[PDB]
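For reference, the structure is listed below as structure tokens.
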Amino acid sequence: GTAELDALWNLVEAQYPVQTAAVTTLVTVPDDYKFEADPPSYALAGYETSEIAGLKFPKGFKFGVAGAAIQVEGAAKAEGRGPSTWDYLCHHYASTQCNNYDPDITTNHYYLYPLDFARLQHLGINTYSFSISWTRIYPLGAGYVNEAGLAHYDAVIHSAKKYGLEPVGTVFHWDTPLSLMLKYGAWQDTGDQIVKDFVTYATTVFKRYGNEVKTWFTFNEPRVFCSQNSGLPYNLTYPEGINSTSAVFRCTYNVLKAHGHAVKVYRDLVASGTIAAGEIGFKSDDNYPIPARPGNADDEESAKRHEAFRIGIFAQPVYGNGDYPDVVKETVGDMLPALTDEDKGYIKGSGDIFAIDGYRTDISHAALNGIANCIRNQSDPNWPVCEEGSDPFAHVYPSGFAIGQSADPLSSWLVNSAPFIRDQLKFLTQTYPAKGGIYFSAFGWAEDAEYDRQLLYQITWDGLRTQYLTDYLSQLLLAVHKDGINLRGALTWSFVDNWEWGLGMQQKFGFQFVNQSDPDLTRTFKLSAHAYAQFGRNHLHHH
Amino acid sequence: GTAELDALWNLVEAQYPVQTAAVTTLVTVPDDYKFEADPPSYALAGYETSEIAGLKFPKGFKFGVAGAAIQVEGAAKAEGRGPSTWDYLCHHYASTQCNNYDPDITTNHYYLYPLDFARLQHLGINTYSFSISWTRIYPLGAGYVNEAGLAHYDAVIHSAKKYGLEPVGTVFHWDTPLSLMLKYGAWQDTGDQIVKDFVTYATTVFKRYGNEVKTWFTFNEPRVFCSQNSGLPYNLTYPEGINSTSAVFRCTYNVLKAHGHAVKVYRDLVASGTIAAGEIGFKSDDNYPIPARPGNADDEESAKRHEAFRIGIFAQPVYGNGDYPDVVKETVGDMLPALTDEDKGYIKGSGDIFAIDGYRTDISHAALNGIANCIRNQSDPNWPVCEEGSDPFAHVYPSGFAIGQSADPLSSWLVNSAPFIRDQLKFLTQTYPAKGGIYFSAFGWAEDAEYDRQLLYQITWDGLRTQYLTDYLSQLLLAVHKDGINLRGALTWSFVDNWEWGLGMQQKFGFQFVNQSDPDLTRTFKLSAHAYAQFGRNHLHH
Ligand SMILES: *[C@@H]1O[C@H](CO)[C@@H](O[C@@H]2O[C@H](CO)[C@@H](O)[C@H](O)[C@H]2NC(C)=O)[C@H](O)[C@H]1NC(C)=O
Ligand SMILES: *[C@@H]1O[C@H](CO)[C@@H](O[C@@H]2O[C@H](CO)[C@@H](O)[C@H](O)[C@H]2NC(C)=O)[C@H](O)[C@H]1NC(C)=O
Ligand SMILES: *[C@@H]1O[C@H](CO)[C@@H](O[C@@H]2O[C@H](CO)[C@@H](O)[C@H](O)[C@H]2NC(C)=O)[C@H](O)[C@H]1NC(C)=O
Ligand SMILES: *[C@@H]1O[C@H](CO)[C@@H](O[C@@H]2O[C@H](CO)[C@@H](O)[C@H](O)[C@H]2NC(C)=O)[C@H](O)[C@H]1NC(C)=O
Ligand SMILES: *[C@@H]1O[C@H](CO)[C@@H](O[C@@H]2O[C@H](CO)[C@@H](O)[C@H](O)[C@H]2NC(C)=O)[C@H](O)[C@H]1NC(C)=O
Ligand SMILES: *[C@@H]1O[C@H](CO)[C@@H](O)[C@H](O)[C@H]1NC(C)=O
Ligand SMILES: *[C@@H]1O[C@H](CO)[C@@H](O)[C@H](O)[C@H]1NC(C)=O
Ligand SMILES: *[C@@H]1O[C@H](CO)[C@@H](O)[C@H](O)[C@H]1NC(C)=O
Ligand SMILES: *[C@H]1O[C@H](CO)[C@@H](O)[C@H](O)[C@@H]1O
Ligand SMILES: *[C@H]1O[C@H](CO)[C@@H](O)[C@H](O)[C@@H]1O
Ligand SMILES: *[C@H]1O[C@H](CO)[C@@H](O)[C@H](O)[C@@H]1O
């Protein structure tokens with residue numbers, strides 16, 4: 001094999017090696033596979049409001065679930081894969097950065113996907129969102145191609161379609177190739193090797209999969225991704241002229257460039273009939289918060305600064321006027337490379353569809369020390385947004401009561417803000433309009449302390465996740481019928497409990513429970529999976 | 001008090017003493033007291049169903065909250081109080097029986113009650129259910145009376161009525177006088193001194209408060225209480241001829257006798273005009289479970305056995321044919337003293353009102369080794385009900401899915417089983433009829449891991465407690481209109497996070513938060529309090 005791949009894994013496995021799952025072969029779904037019995041008939045009573053009686057989502061609405069390669073696959077060294085930065089991080093700093101977990105095995109989706117798909121068909125899911133592992137295709141990020149990796153996703157996609165799941169592919173879901181980080185700092189690249197290497201990678205997967213996959217996302221949540229570049233292991237190999245503050249905005253630029261160029265390739269492939277016609281964009285996240293004090297001009301300014309730094313910095317170069325928002329430029333200056341007119345030519349209009357991972361909406365309080373004073377000082381704790389960013393403010397009205405129900409406190413950013421969904425959608429489609437509409441591409445619940453339950457029946461009756469999924473879907477439905485939002489789909493994070501980055505398998509986002517103390521990693525439906533099923537039975541067109 | 005009060009407390013305090021609250025004086029409520037602001041107006045949407053639109057509880061419905069003296073009061077040693085078995089238990093075995101808590105202070109309701117009552121008025125509560133501390137009235141259980149104790153409840157009752165809360169009094173809520181346990185084993189008394197001592201106590205409080213308190217319960221959950229008598233500190237002082245197993249049914253016998261004789265005294269005081277005419281009963285708890293497999297005769301029999309040991313053993317002697325359930329006698333034998341003809345003269349019909357602490361409904365799986373094999377073997381883990389008692393059975397259908405949402409795993413007996421309320425009330429009113437009707441005398445939610453929250457806004461939006469209280473109230477409202485249940489009130493446990501017995505202040509049951517890290521133990525409304533308030537506004541006659 002490759003000597004530099006072997007060396008990279010050696011580097012990763014130096015304190016401790018990759019562990020292997022109990023099951024390392026593709027599973028066979030017996031024709032007789034017995035699904036666990038339904039919950040009692042009264043279980044779903046009361047979640048659905050009569051406000052939505054009879055309403056349907058548009059024909060062709062993608063009613064789906066979402067995962068991510070490194071979060072669900074496992075098989076971290078299988079069939080020629082190369083390490084990502086996360087494989088390195090959690091094998092060297094698991095105790096302080098990865099909650100003592102690693103993504104070696106996670107849910108073993110890499111080998112269990114046929115069974116997972118069969119279980120999704122049981123619920124009536126019609127769409128399967130996944131991401132491709134870059135280092136399964138190019139184990140060193142650039143150079144040679146790993147055919148076994150390419151063939152693996154052919155099989156996944158084929159299996160998904162067999163079970164009635166339309167496949168939606170994300171190109172990059174945060175799993176940066178270790179090789180590229182070491183060689184030139186990956187997304188910190190002061191030149192443009194990263195764009196070229198991402199373009200080569202994306203081209204390859206478009207060509208290999210574009211006939212089967214007709215909805216593409218280049219990047220999952222690039223703003224959240226680039227904010228992680230401020231830390232380990234990225235800041236072991238910063239290129240000179242880059243530090244942990246500029247690294248965030250050098251990542252932003254390089255990511256916008258990579259997305260624009262990839263999109264040009266994709267459109268060339270569609271326009272030439274090389275691959276099936278399809279649509280492409282990226283997944284935004286976060287929200288335009290409501291001001292803590294209505295009609296307070298400082299709170300409105302910090303709210304706008306929140307949207308600018310959290311959504312606008314990517315959305316406006318793509319769906320906007322082609323530049324970064326004016327407030328972002330006035331605050332970060334030379335740390336955020338200007339978009340040359342060549343840059344803008346690739347990036348403006350490079351979004352056929354918008355997608356918002358709309359987990360929640362926040363509340364903005366202007367910095368207590370004054371916004372002007374805060375934006376001058378890169379060391380102020382509320383820089384650059386210059387709202388009070390801590391939880392006692394970001395979720396709390398002047399009343400001291402919260403905007404809504406909190407989830408697990410290890411993911412304290414997550415709240416149930418369903419009544420605010422429609423205004424988020426209105427703002428986004430009027431501000432970042434895309435010819436192909438908007439997906440609600442990720443939303444899900446981390447039930448408080450679900451990881452501390454020991455008995456299955458206590459886990460599976462998951463009220464607040466059931467409530468959150470139902471509430472959010474209801475507002476999506478109403479957004480279509482009452483606001484005329486061109487809503488294309490709804491993808492819940494996630495169909496299984498999975499490896500939640502720094503929190504590892506502790507944090508539980510699935511509408512199915514994964515038994516991590518069982519060698520087979522048995523899935524079990526939670527009540528929320530059945531609530532999702534019932535909602536699609538009631539509010540999808542089936543004729 | 002006597003030197004015997006000093007000796008008993010010296011015994012209780014032998015390893016570490018009773019701690020004192022930062023505030024040791026009765027608080028006064030400033031006229032400008034500022035309640036915290038309301039939740040957003042969308043916060044309560046969607047909880048109430050249309051099934052109940054326009055429906056109202058009967059006129060005079062008691063719409064209230066419940067506490068118990070030792071769970072909320074604190075002031076464990078103040079104003080002459082004597083120690084209870086729990087004061088001893090948690091000052092001596094705290095790390096193994098009390099979760100390293102004790103009831104020295106709890107919520108400091110003993111000094112804070114005027115403020116608590118102002119906050120309950122702001123919610124439109126109209127009924128306050130409370131228990132009287134026996135050892136505040138008789139510090140030794142028997143003998144001398146502590147006048148400062150009697151005067152304290154005079155002022156509590158007066159403050160309650162002033163804030164528009166009808167006072168509902170429980171004579172005994174588990175706080176056994178330590179002196180009586182050392183002297184003759186308290187409720188394990190193989191004679192009848194425990195009955196005399198309880199009756200003298202009940203008399204004293206009936207006379208003192210019966211003009212202001214018109215709804216009385218002798219005992220809170222006597223089945224649960226008596227099950228504690230199998231353990232510490234009660235099993236350090238069993239009389240000869242009593243063991244951890246018979247202590248439960250000796251307790252059961254004496255409580256029934258104490259109840260009958262106390263009710264007798266209650267009626268004589270009413271007949272003679274010494275006190276206002278009211279109603280007395282006791283609070284049952286638990287449920288008649290559904291069988292795991294419907295139509296399975298084994299599951300149906302173990303379900304009946306459950307009701308017999310959990311409800312029938314107190315309810316049948318009082319509200320039914322006046323004897324213990326047959327299955328109870330057949331299984332327990334001479335451990336359960338027979339009810340004499342005289343006994344029955346006091347006990348039978350001694351219940352003007354039924355009260356059920358209707359937290360939950362269970363599922364009954366017949367014992368897997370077979371009911372016949374289990375009833376004959378006191379060593380069997382499932383004796384005497386001879387259903388599978390463990391959590392993976394008591395809450396789970398054969399399907400593997402639960403009957404309902406679980407609450408916090410440290411109180412796993414609690415689930416949300418609102419769909420089953422109307423059936424429970426049908427069974428109870430048809431089987432244990434009371435002229436005065438039935439109270440839903442306790443129900444509430446322990447929000448999972450609420451104790452691990454560190455920011456207040458995360459505590460107060462308490463979705464599953466809010467859902468639970470609304471689900472339960474809704475079904476209660478339907479029991480009145482669709483089933484014709486003479487439901488006399490609904491008292492939720494509890495108005496404050498408080499001292500939850502062996503879990504101490506860790507388990508959270510209040511629709512208000514209590515800040516145990518704050519010297520003033522400040523209260524904050526959770527969303528559930530506002531949900532309770534709004535249900536009262538929508539569904540009480542005014
Ligand atoms: C590189 O980024 C990491 C973030 O992972 C920084 O880690 C911080 O280290 C400081 C040292 O005092 C701690 O106070 C912080 O708590 C750490 N942050 C986190 C989130 O772990 C690290 O300091 C950075 N190093 C350099 C060279 O800038
Ligand atoms: C990280 O890099 C940035 C940019 O080089 C530093 O921020 C600058 O600090 C200089 C002080 O010489 C300011 O006058 C510049 O205006 C700041 N940058 C810009 C362009 O806004 C930052 O301090 C660097 N070092 C850290 C954060 O350790
Ligand atoms: C998770 O799976 C494990 C293993 O399949 C289940 O636990 C085992 O149950 C047996 C009972 O026969 C115990 O004696 C074993 O010790 C358990 N195995 C362990 C702990 O590794 C368990 O029931 C499942 N958990 C849930 C919540 O479904
Ligand atoms: C008195 O009752 C207590 C209950 O608090 C009993 O405590 C048990 O002790 C046994 C033996 O060590 C343990 O196996 C149990 O786990 C304890 N039960 C608890 C604390 O849940 C004690 O055994 C009883 N003493 C006598 C004399 O029977
Ligand atoms: C506690 O005392 C009771 C009193 O009966 C004991 O119950 C008896 O147990 C013996 C042997 O197991 C049986 O032969 C009798 O039939 C039982 N009596 C009754 C009335 O059923 C019980 O065994 C004692 N338990 C302990 C632990 O002391
Ligand atoms: C910048 O913020 C840091 C942290 O609040 C503070 O110590 C420092 O004084 C600030 N500097 C200025 C110029 O405000
Ligand atoms: C009674 O139950 C125990 C379980 O504690 C068991 O070991 C024993 O065999 C059973 N039967 C008897 C004692 O006849
Ligand atoms: C409890 O009180 C302490 C001290 O007053 C306070 O600092 C803390 O924030 C409070 N905790 C809450 C409200 O959860
Ligand atoms: C377990 O086996 C896998 C192959 O499936 C290896 O990649 C891993 O290093 C471990 O030996
Ligand atoms: C998958 O991989 C493991 C080693 O990694 C083997 O033991 C297993 O039989 C299968 O080949
Ligand atoms: C793949 O195939 C192996 C047999 O080599 C099984 O053991 C495994 O469970 C999976 O089906």
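Labels used: A, B, ... for chains in the order of the structure tokens, numbers from 1 for residues in each chain, and numbers from 1 for ligands as shown.
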With DSSP run on the backbone, what are the helix (DSSP H, G or I) residues within stretch 262-445 of chain A? I'd like them as an mmCIF file with C-alpha atoms, in the first residue's frame.
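So selection-v4.cif came out as:
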```
data_model
loop_
_atom_site.group_PDB
_atom_site.id
_atom_site.type_symbol
_atom_site.label_atom_id
_atom_site.label_comp_id
_atom_site.auth_asym_id
_atom_site.auth_seq_id
_atom_site.Cartn_x
_atom_site.Cartn_y
_atom_site.Cartn_z
ATOM 1 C CA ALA A 262 -16.746 23.001 -6.908
ATOM 2 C CA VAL A 263 -20.140 24.393 -7.926
ATOM 3 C CA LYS A 264 -18.757 25.481 -11.311
ATOM 4 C CA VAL A 265 -17.517 21.939 -11.907
ATOM 5 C CA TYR A 266 -20.879 20.528 -10.864
ATOM 6 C CA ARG A 267 -22.758 22.800 -13.261
ATOM 7 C CA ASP A 268 -20.353 21.886 -16.085
ATOM 8 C CA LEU A 269 -21.073 18.202 -15.390
ATOM 9 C CA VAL A 270 -24.839 18.765 -15.399
ATOM 10 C CA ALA A 271 -24.829 21.070 -18.426
ATOM 11 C CA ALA A 297 -31.534 49.866 18.831
ATOM 12 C CA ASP A 298 -28.447 48.338 20.458
ATOM 13 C CA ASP A 299 -30.136 44.940 20.708
ATOM 14 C CA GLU A 300 -31.194 45.177 17.062
ATOM 15 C CA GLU A 301 -27.619 46.021 16.078
ATOM 16 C CA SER A 302 -26.176 43.032 17.967
ATOM 17 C CA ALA A 303 -28.887 40.807 16.466
ATOM 18 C CA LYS A 304 -27.893 41.940 12.987
ATOM 19 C CA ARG A 305 -24.246 41.389 13.874
ATOM 20 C CA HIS A 306 -25.195 37.884 15.026
ATOM 21 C CA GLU A 307 -26.806 37.031 11.682
ATOM 22 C CA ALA A 308 -23.947 38.647 9.780
ATOM 23 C CA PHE A 309 -21.209 36.604 11.470
ATOM 24 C CA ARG A 310 -23.222 33.414 11.775
ATOM 25 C CA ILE A 311 -25.050 33.218 8.406
ATOM 26 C CA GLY A 312 -24.259 36.261 6.288
ATOM 27 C CA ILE A 313 -20.498 35.772 6.087
ATOM 28 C CA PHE A 314 -21.184 32.696 3.892
ATOM 29 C CA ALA A 315 -24.699 33.336 2.591
ATOM 30 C CA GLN A 316 -24.148 36.836 1.216
ATOM 31 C CA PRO A 317 -21.162 36.018 -1.039
ATOM 32 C CA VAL A 318 -23.281 33.116 -2.402
ATOM 33 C CA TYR A 319 -26.942 34.221 -2.492
ATOM 34 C CA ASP A 326 -20.530 45.244 5.402
ATOM 35 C CA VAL A 327 -20.460 44.832 9.181
ATOM 36 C CA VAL A 328 -18.222 41.747 9.008
ATOM 37 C CA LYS A 329 -15.681 43.631 6.865
ATOM 38 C CA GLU A 330 -15.599 46.683 9.150
ATOM 39 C CA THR A 331 -14.724 44.475 12.135
ATOM 40 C CA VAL A 332 -12.204 41.904 10.925
ATOM 41 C CA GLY A 333 -10.436 43.796 8.108
ATOM 42 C CA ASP A 334 -7.222 42.254 6.799
ATOM 43 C CA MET A 335 -7.796 38.896 8.520
ATOM 44 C CA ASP A 341 -13.685 39.829 -8.903
ATOM 45 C CA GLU A 342 -12.553 36.425 -10.149
ATOM 46 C CA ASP A 343 -13.540 35.026 -6.729
ATOM 47 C CA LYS A 344 -16.988 36.633 -6.913
ATOM 48 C CA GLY A 345 -17.492 35.307 -10.437
ATOM 49 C CA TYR A 346 -17.308 31.775 -9.079
ATOM 50 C CA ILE A 347 -19.141 32.371 -5.793
ATOM 51 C CA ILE A 371 -20.916 47.418 21.179
ATOM 52 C CA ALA A 372 -18.461 50.068 19.931
ATOM 53 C CA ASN A 373 -16.157 49.286 22.831
ATOM 54 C CA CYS A 374 -16.465 45.561 22.146
ATOM 55 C CA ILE A 375 -15.817 45.516 18.385
ATOM 56 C CA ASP A 391 -26.169 31.128 27.991
ATOM 57 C CA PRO A 392 -27.698 33.332 30.749
ATOM 58 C CA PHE A 393 -28.287 35.896 27.946
ATOM 59 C CA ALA A 394 -28.482 34.073 24.620
ATOM 60 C CA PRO A 409 -26.963 21.186 29.274
ATOM 61 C CA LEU A 410 -23.869 19.768 27.546
ATOM 62 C CA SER A 411 -25.488 21.067 24.337
ATOM 63 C CA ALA A 418 -40.497 26.313 17.305
ATOM 64 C CA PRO A 419 -42.742 29.443 17.344
ATOM 65 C CA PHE A 420 -39.827 31.323 15.737
ATOM 66 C CA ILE A 421 -39.284 28.954 12.787
ATOM 67 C CA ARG A 422 -41.531 30.799 10.336
ATOM 68 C CA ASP A 423 -39.823 34.176 10.793
ATOM 69 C CA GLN A 424 -36.425 32.532 10.347
ATOM 70 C CA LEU A 425 -37.649 31.025 7.067
ATOM 71 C CA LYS A 426 -39.190 34.323 5.912
ATOM 72 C CA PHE A 427 -35.971 36.195 6.663
ATOM 73 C CA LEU A 428 -33.782 33.610 4.939
ATOM 74 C CA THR A 429 -35.799 33.180 1.705
ATOM 75 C CA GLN A 430 -36.249 36.961 1.261
ATOM 76 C CA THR A 431 -32.580 37.655 2.061
#
```
* To do: With a cut-off of 6 Å and counting only C-alpha atoms, select all residues of chain A in contact with chain B and give the selection as a list in words.
  =>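 Listing them in order of chain and number gives residues 37, 39, 399, 401, 402, 405, 406, 457, 458 and 461 of chain A.
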* To do: Within 8 Å of ligand 1, which residues show up when you count only C-alpha atoms and all ligand atoms? List them as number ranges by chain, please.
  => A: 96-97, 230-236, 243-244
* To do: Would you mind listing the residues within 10 Å of ligand 11, counting only C-alpha atoms and all ligand atoms, as a list in words?
  => residues 22, 23, 24, 25, 26, 27, 28, 29, 111, 112 and 520 of chain A
* Name the residues, by chain letter and number, that sit within 8 Å of ligand 5 using only C-alpha atoms and all ligand atoms, and give them as a ChimeraX atom specification. => /B:241-246,331-335,377-378
Once you have the residues from the selection above, write them out as a short mmCIF file (atom, residue, chain, number, x, y, z; two decimals), in the first residue's frame, restricted to N, CA and C atoms.
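Saved result, out_5.cif, follows:
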```
data_model
loop_
_atom_site.label_atom_id
_atom_site.label_comp_id
_atom_site.auth_asym_id
_atom_site.auth_seq_id
_atom_site.Cartn_x
_atom_site.Cartn_y
_atom_site.Cartn_z
N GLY B 241 -41.23 -10.95 69.31
CA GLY B 241 -42.27 -11.49 68.47
C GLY B 241 -42.52 -10.72 67.19
N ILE B 242 -41.76 -9.66 66.94
CA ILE B 242 -41.87 -8.89 65.70
C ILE B 242 -40.55 -9.02 64.95
N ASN B 243 -40.66 -9.20 63.64
CA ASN B 243 -39.52 -9.26 62.73
C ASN B 243 -39.75 -8.24 61.60
N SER B 244 -38.77 -8.02 60.73
CA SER B 244 -38.89 -7.02 59.68
C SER B 244 -40.11 -7.26 58.80
N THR B 245 -40.55 -8.52 58.66
CA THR B 245 -41.70 -8.83 57.82
C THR B 245 -43.03 -8.58 58.54
N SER B 246 -43.16 -9.05 59.78
CA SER B 246 -44.41 -8.85 60.51
C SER B 246 -44.57 -7.41 60.96
N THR B 331 -52.47 -15.04 52.56
CA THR B 331 -51.03 -15.02 52.35
C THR B 331 -50.25 -14.61 53.59
N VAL B 332 -50.83 -13.80 54.47
CA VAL B 332 -50.01 -13.22 55.52
C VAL B 332 -50.29 -13.90 56.86
N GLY B 333 -51.49 -14.46 57.01
CA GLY B 333 -51.77 -15.26 58.19
C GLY B 333 -51.75 -14.43 59.46
N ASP B 334 -51.12 -14.98 60.50
CA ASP B 334 -51.14 -14.40 61.83
C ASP B 334 -50.17 -13.25 62.01
N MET B 335 -49.40 -12.90 60.98
CA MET B 335 -48.62 -11.67 61.03
C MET B 335 -49.51 -10.44 61.04
N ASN B 377 -43.85 -18.61 49.71
CA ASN B 377 -42.42 -18.44 50.01
C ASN B 377 -42.12 -16.98 50.35
N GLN B 378 -42.05 -16.66 51.65
CA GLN B 378 -41.73 -15.30 52.07
C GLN B 378 -40.35 -14.85 51.61
#
```
* What is the distance, in Å and to one decimal place, between atom CA of residue B:68 and atom CA of residue B:473? ->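 These atoms are spaced 21.6 Å apart.
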Could you pull out the strand (DSSP E) residues of stretch 73-319 of chain A from DSSP and send them as a PDB file with C-alpha atoms, in the first residue's frame?
```
ATOM      1  CA  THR A 127     -34.848  10.690   2.080  1.00  0.00           C
ATOM      2  CA  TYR A 128     -31.394   9.759   3.400  1.00  0.00           C
ATOM      3  CA  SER A 129     -28.858  12.541   4.031  1.00  0.00           C
ATOM      4  CA  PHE A 130     -25.207  11.448   4.297  1.00  0.00           C
ATOM      5  CA  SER A 131     -21.747  12.877   3.847  1.00  0.00           C
ATOM      6  CA  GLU A 166     -33.656   9.409  -1.915  1.00  0.00           C
ATOM      7  CA  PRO A 167     -29.923  10.026  -1.341  1.00  0.00           C
ATOM      8  CA  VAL A 168     -28.699  13.542  -0.460  1.00  0.00           C
ATOM      9  CA  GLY A 169     -24.910  13.863  -0.387  1.00  0.00           C
ATOM     10  CA  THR A 170     -22.716  16.253   1.563  1.00  0.00           C
ATOM     11  CA  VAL A 171     -19.206  16.568   0.169  1.00  0.00           C
ATOM     12  CA  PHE A 172     -17.398  17.800   3.313  1.00  0.00           C
ATOM     13  CA  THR A 215     -29.135  17.074  -4.355  1.00  0.00           C
ATOM     14  CA  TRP A 216     -25.696  18.084  -3.160  1.00  0.00           C
ATOM     15  CA  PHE A 217     -24.248  20.091  -0.293  1.00  0.00           C
ATOM     16  CA  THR A 218     -20.604  21.084  -0.560  1.00  0.00           C
ATOM     17  CA  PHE A 219     -20.090  21.971   3.106  1.00  0.00           C
ATOM     18  CA  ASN A 220     -21.975  21.206   6.299  1.00  0.00           C
ATOM     19  CA  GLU A 279     -29.218  20.947  -7.490  1.00  0.00           C
ATOM     20  CA  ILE A 280     -26.442  22.104  -5.214  1.00  0.00           C
ATOM     21  CA  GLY A 281     -25.742  24.533  -2.372  1.00  0.00           C
ATOM     22  CA  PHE A 282     -24.360  24.279   1.180  1.00  0.00           C
ATOM     23  CA  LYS A 283     -25.873  23.864   4.648  1.00  0.00           C
ATOM     24  CA  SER A 284     -26.069  27.079   6.642  1.00  0.00           C
ATOM     25  CA  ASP A 285     -26.817  26.983  10.380  1.00  0.00           C
ATOM     26  CA  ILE A 290     -34.703  38.387  18.318  1.00  0.00           C
ATOM     27  CA  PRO A 291     -33.579  41.455  20.283  1.00  0.00           C
TER      28      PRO A 291
END
```
* Asked: If we count only C-alpha atoms, what is near residue A:471 at a cut-off of 12 Å, once residues fewer than 5 positions away on the same chain are taken out, given as JSON, numbers by chain?
  -> {"A": [46, 47, 48, 49, 51, 52, 359, 360, 405, 416, 417, 418, 419, 420, 421, 422, 443, 444, 445, 463, 464, 465, 466, 476, 477, 478, 528, 531, 532, 535], "B": [45, 46]}
* **Contact residues around residue B:420 with only C-alpha atoms at 12 Å, ignoring same-chain residues under 6 positions, as a list in words** =>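 Here the qualifying residues turn out to be residues 42 of chain A; 287, 288, 289, 290, 358, 359, 360, 361, 362, 363, 403, 404, 426, 427, 471, 472, 474, 475, 476, 478 and 479 of chain B.
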* To do: Please identify every polymer residue within 12 Å of ligand 9, using only C-alpha atoms and all ligand atoms, and present the set as a ChimeraX atom specification.
  => /A:6,9-10,12-13,16-26,74-83,104-105,108,110-111
Save the residues we just selected, C-alpha atoms, as a PDB file, in the first residue's frame?
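Saved file part_36.pdb follows:
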```pdb
ATOM      1  CA  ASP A   6       0.844   3.866   6.968  1.00  0.00           C
ATOM      2  CA  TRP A   9      -1.942   6.110  10.892  1.00  0.00           C
ATOM      3  CA  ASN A  10       1.220   5.324  12.854  1.00  0.00           C
ATOM      4  CA  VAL A  12      -2.492   8.738  14.866  1.00  0.00           C
ATOM      5  CA  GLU A  13      -2.122   5.430  16.718  1.00  0.00           C
ATOM      6  CA  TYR A  16      -3.204   4.059  21.377  1.00  0.00           C
ATOM      7  CA  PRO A  17      -4.437   2.297  18.228  1.00  0.00           C
ATOM      8  CA  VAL A  18      -7.727   2.197  16.361  1.00  0.00           C
ATOM      9  CA  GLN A  19     -10.205  -0.230  17.872  1.00  0.00           C
ATOM     10  CA  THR A  20     -12.206  -2.548  15.702  1.00  0.00           C
ATOM     11  CA  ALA A  21     -15.971  -3.232  15.851  1.00  0.00           C
ATOM     12  CA  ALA A  22     -17.344  -6.666  16.720  1.00  0.00           C
ATOM     13  CA  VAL A  23     -18.829  -6.806  13.203  1.00  0.00           C
ATOM     14  CA  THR A  24     -16.579  -6.056  10.221  1.00  0.00           C
ATOM     15  CA  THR A  25     -18.613  -7.526   7.349  1.00  0.00           C
ATOM     16  CA  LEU A  26     -21.563  -6.029   5.511  1.00  0.00           C
ATOM     17  CA  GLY A  74     -16.914   3.746  12.247  1.00  0.00           C
ATOM     18  CA  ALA A  75     -14.484   1.586  10.292  1.00  0.00           C
ATOM     19  CA  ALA A  76     -11.937   4.374  10.667  1.00  0.00           C
ATOM     20  CA  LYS A  77      -9.093   2.352   9.092  1.00  0.00           C
ATOM     21  CA  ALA A  78     -11.168  -0.028   6.966  1.00  0.00           C
ATOM     22  CA  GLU A  79     -10.801  -0.493   3.213  1.00  0.00           C
ATOM     23  CA  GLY A  80      -7.986   1.996   2.837  1.00  0.00           C
ATOM     24  CA  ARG A  81      -9.303   5.082   4.625  1.00  0.00           C
ATOM     25  CA  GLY A  82      -6.872   7.759   5.738  1.00  0.00           C
ATOM     26  CA  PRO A  83      -7.035   9.672   9.005  1.00  0.00           C
ATOM     27  CA  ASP A 104     -13.140   4.409  15.552  1.00  0.00           C
ATOM     28  CA  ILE A 105     -16.466   2.510  15.557  1.00  0.00           C
ATOM     29  CA  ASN A 108     -20.768   0.937  12.810  1.00  0.00           C
ATOM     30  CA  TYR A 110     -20.303   1.463   7.508  1.00  0.00           C
ATOM     31  CA  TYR A 111     -21.287  -2.205   7.902  1.00  0.00           C
TER      32      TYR A 111
END
```
Within-9 Å residues of ligand 6, basis only C-alpha atoms and all ligand atoms, as a tab-separated table (two decimals) with C-alpha atoms, in the first residue's frame:
```tsv
chain	number	residue	atom	x	y	z
A	373	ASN	CA	-16.16	49.29	22.83
A	374	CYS	CA	-16.47	45.56	22.15
A	376	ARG	CA	-12.55	47.43	18.88
A	377	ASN	CA	-11.10	44.76	21.19
A	378	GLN	CA	-10.39	41.30	19.76
A	379	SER	CA	-9.81	40.26	23.36
A	380	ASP	CA	-13.28	41.16	24.63
A	381	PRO	CA	-15.07	37.85	25.37
A	382	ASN	CA	-18.00	38.88	23.12
A	383	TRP	CA	-15.84	39.66	20.09
```
